[PDB]
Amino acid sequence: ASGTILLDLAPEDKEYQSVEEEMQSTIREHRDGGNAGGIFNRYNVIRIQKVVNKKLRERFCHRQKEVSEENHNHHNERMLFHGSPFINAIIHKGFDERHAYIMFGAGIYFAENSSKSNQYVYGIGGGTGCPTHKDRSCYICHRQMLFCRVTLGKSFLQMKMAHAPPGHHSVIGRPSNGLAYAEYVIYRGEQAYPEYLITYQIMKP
């Protein structure tokens, strides 16, 4: 069963404010002209909850400990965004690499820009948007994403692979041409904790 408890953050909470700040301030314009994630300069944040799960926390702490001693006591933790159709499963069971499907590999994908993760909320390339209106840019329907602690360890900089390279703990596609914004990939579910569940809407400009 799940040992997951959702704690509601009051909007007047400072923690609530730091999270939304991170989410708002990392919005970027993407190459697709808003095709996948929609068109917006801002979110409307409805809810932000802390995911509390003890066994999950320990699995994260145990792995981070291992990565640390593998990487000169640097676990290289970053707060990163995740988007996918499987948020509800993740807050209950945790990220699972066995659930990774076919992108740029068979791993778990994170973005430093919330708007990039927002592109995955309704599927790869935004699917066909919200269920009701089939609108990738719907300003009505509610969306969710995650703000996660991720153990990057020693990252590899690069197209499709199964695991991190020898001596590494994560793969990062850095902008170059090539990518517009960084993508962070891990191939072990316990190297990310789904810290905050964010429920939101995109706002019409």
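Residue numbers here begin at 1 and follow the sequence given. Just so we're on the same page, rigid core means the largest C-alpha set that superposes within 1.5 Å between forms.
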property	result
Between 131 to 139 and 81 to 89, the one whose CA atoms sit farther away in 6 other deposited structures of this protein (rigid core aligned)	131 to 139
Stretch with greater C-alpha deviation in 6 other deposited structures of this protein, 51 to 59 versus 144 to 152 (rigid core superposition)	51 to 59
Missing-residue flag, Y122, threshold a third of other entries	no
Entries skipping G38: at least a third of other ones	no
Unmodelled deposited residues flanked by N41 on one side and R42 on the other	none
Comparing 113 to 121 with 68 to 76, the one whose average Cα B-factor in the PDB entry is higher	68 to 76
Stretch exceeding the other in mean C-alpha B-factor - 10 to 18, 190 to 198	10 to 18
Residue with highest C-alpha B-factor in the PDB entry, from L146, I48, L152, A162	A162
Record-listed C-alpha B factor of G105: chain third	highest
Entry-reported Cα temperature factor of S176, expressed as the chain third it lands in	highest
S170 by Cα B-factor - lowest, middle or highest third of the modelled chain	lowest
Cα B factor band for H142 (lowest, middle or highest third within the chain)	lowest
